[PDB]
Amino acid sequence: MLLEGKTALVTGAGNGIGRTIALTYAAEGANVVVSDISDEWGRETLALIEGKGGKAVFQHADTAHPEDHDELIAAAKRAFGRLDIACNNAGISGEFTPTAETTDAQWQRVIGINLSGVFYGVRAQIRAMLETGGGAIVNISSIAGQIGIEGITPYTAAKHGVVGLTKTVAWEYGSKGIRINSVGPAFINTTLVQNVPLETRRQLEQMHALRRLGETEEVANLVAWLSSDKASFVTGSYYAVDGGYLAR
């Protein structure tokens, strides 16, 4: 067990990669604070953990709303006493729209969740971790934190922004035993790709050196490692889980 006895929160844990991160955290021995904007989905992630013998609670949170983060931290402390680990996973792609046609609402929504929501979490999580001598934060960026994806300017800007705040937080709090890193997945087998035509899927696959898409477990395994004491000299860094996407 990588994470025995540690307390870990996951944002956007109701579905997709976040669900798998929460399950992996629990399987590694962590006490998990499941959160999502969807209580139905988040509740089911909680029930999944509990039915597998893990220790967890659920707390609602819209990561775009600063006040929700306070409630996360309070839930963590109430259930488990401290916060050791946090994964800022909640995020959306946005619609595919060329920049010149991207509306203010499109821009604002994606930045608000994917960038501001990460900042508001990280801010609250630092404060909680300082109470008890540090901790580990993992932000879910993307390949789009290092390269551009056409049609999703807001997403690319946000995901680059996540990479940047990781760097600054690492220096501000490394003295105090907070580690923070980003993870950059390439295309992962989640709902969006599941619903494109095979031909499109094959074109995405050929953009990876492994010539296939990733699975959510492949992302979660790296998040778990980075959240663990094995990763004790790793901070301020971007860790790809990209199947070689960025290498060409």
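From 1 onward, residues are counted along the sequence shown.
In this entry, 125 to 133 has the higher mean Cα B-factor, the comparison being between 125 to 133 and 109 to 117. For the pair 173 to 181 and 74 to 82, the record assigns the higher mean C-alpha temperature factor to 74 to 82. Reading the B-factor column for the CA atoms of 158, 165, 140, 149 in the entry, the top value corresponds to 149.
For the set 63, 35, 45, 195, the PDB entry puts the maximum C-alpha B factor at 195. When all modelled residues of the chain are sorted by CA temperature factor, residue 57 is found within the highest third.
Ranked by Cα temperature factor within the chain, residue 40 sits in the highest third according to the deposited record. In the PDB entry, a CA B factor belonging to the lowest third of its chain's modelled residues is recorded for residue 208. Remark: residue 30 belongs to the middle third of its chain, ranked by C-alpha B-factor as recorded.
Ranked by C-alpha B-factor against the other modelled residues of its chain, residue 67 falls in the highest third.
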